[PDB]
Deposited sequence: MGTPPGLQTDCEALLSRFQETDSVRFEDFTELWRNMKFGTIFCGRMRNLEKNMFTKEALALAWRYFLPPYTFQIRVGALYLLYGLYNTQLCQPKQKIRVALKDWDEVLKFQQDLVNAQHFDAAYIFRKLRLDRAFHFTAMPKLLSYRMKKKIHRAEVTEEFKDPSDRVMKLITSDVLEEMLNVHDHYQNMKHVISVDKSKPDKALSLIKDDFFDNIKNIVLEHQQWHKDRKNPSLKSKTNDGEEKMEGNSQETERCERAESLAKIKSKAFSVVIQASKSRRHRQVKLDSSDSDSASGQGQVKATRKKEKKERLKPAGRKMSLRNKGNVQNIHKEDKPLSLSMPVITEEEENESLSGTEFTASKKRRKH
């Protein structure tokens, strides 16, 4: 009942700072008084149910296909929510087996990137034993996602491609027995590969922006 809106607003206000430090998250927590989200008269049953829902939502936002900034913000959100609970038996974040690899590699990347704040937050969460290592995220009965284009093509990939291409042109210039002209048997190389991929990516982002722009 509006909890998802609060979580999304907090994550957006964290990402707009373009920062990973826990100091910004703490400042946002104090300004928004998010620690009072659990405040309010509610008996133990509904209290723990709401805590379960909040932890599940935060963990869902912490996992892919969200961006790195959103994932780290959701990590701080999980830390703050779990550490600030009114339930005597603090509710635990449900962790599935299939998602353990993603979380472990995310932590490894965080520590590798010198983002010691998020790594220490995750380590504190693990040490406190705040995780219920279940089989599936939820009991079974009866945004800012991440795109694959950036994984496929980015600045470094195209830089390497064009470096290879220009080196290729140079060795073609030097291979021919005569310096005047290259051999007629090797002239099929395409110069529009970079242009073609640029066209594809610009069309993709144009579609994306005209999509997220309302009619």
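Numbered from the first deposited residue, the unresolved ranges run 1-4, 147-161, 235-368.
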